[PDB]
Amino acid sequence: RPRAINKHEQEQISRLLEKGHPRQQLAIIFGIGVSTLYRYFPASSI
DNA sequence: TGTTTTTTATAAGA
DNA sequence: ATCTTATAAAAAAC
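- Deposited coordinates in this entry are attributed by the record to X-ray crystallography, at a stated resolution of 2.86 Å.

- Going by what the PDB entry lists, chain A is known as DNA-INVERTASE HIN.

As structure tokens, this is what we get:
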């Protein structure tokens, strides 16, 4: 199954996340479940 | 109708 | 309420 978000997008979200933005809007906006996000970017990694 | 890869809800957190 | 995390069920591929 295709990863939820291509590499680039990671580079993109990795940013937003480190500048603030909530793991929920991103999830929403990017159309991907919150759990997926805590997976790619664990809380203990910011 | 079957295997594999990744998602994603969900339940649980000395 | 809230935020995190591992998981267990299943979707999305072909």
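### Focus on the overall build of chain A
Consideration 1: Helix and strand content of chain A: three helices and zero strands.
Consideration 2: Taken from the N to the C terminus, the helices and strands of chain A come in the order α-α-α.
Consideration 3: Each principal axis of the C-alpha atoms in chain A carries an extent, and together these give about 30 × 20 × 15 Å.
Consideration 4: Taking the intrachain contacts of chain A between residues at least 6 apart in sequence as the baseline, contacts between residues at least 24 apart amount to 42%.

### Focus on the side chain of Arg 23
Consideration 1: Take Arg 23: it is sitting in the loop between helix 1 (7–19) and helix 2 (25–29).
Consideration 2: Within the local environment of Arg 23, its side chain forms a polar contact with the backbone oxygen of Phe 41, the two atoms lying 2.9 Å apart.
Consideration 3: One polar contact links the side chain of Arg 23 to the main-chain carbonyl oxygen of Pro 42, over a distance of 3.5 Å.
Consideration 4: Those residues in contact with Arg 23, other than ones at most four positions away along the chain, are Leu 17, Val 34, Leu 37, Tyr 38, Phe 41, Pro 42 and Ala 43.

### With respect to helix 1
Consideration 1: Taking 1.5 Å per residue, 13 residues should reach 18 Å; helix 1 reaches 19 Å between its end C-alpha atoms and fits that length.
Consideration 2: Among the residues of helix 1, the N-terminal cap falls to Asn 6, whose side-chain oxygen and the backbone nitrogen of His 8 are separated by 3.1 Å.
Consideration 3: Following helix 1 by one or two positions, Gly 20 adopts a phi angle in the positive range, close to 135°.

### Some remarks on the environment of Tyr 40
Consideration 1: Here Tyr 40 is to be found in helix 3 (residues 34–40).
Consideration 2: Separated by 26 residues in the primary sequence, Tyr 40 and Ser 14 place their C-alpha atoms 9.2 Å from one another.
Consideration 3: Polar contacts involving the side chain of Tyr 40 include one to the side chain of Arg 3, which spans 2.8 Å.

### Observations regarding the UniProt feature "DNA-binding region" in chain A
Consideration 1: Under the present numbering, the feature "DNA-binding region" in UniProt falls on residues 23–42.
Consideration 2: Taken end to end, residues 23–42 is 60% helix and 0% strand, and its two terminal C-alpha atoms sit 11 Å from one another.

What counts, and where the lines are drawn
- Residues numbered from 1 in each chain as written, not as in the entry; some residues may be left out.
- Chains lettered and ligands numbered in written order.
- Heavy atoms only, no water.
- Residues with missing side-chain atoms left out of burial classes, pairs and counts.
- Helix = DSSP H or I, 4+ residues; strand = E, 2+ residues; numbered from the N terminus.
- Contact = heavy atoms within 4.5 Å.
- Polar contact = N/O pair within 3.5 Å; in protein donor to acceptor, adjacent residues only side chain to side chain.
- Expected span 1.5 Å × (residues − 1).
- UniProt positions renumbered as here; feature names shortened; annotations may be inferred.

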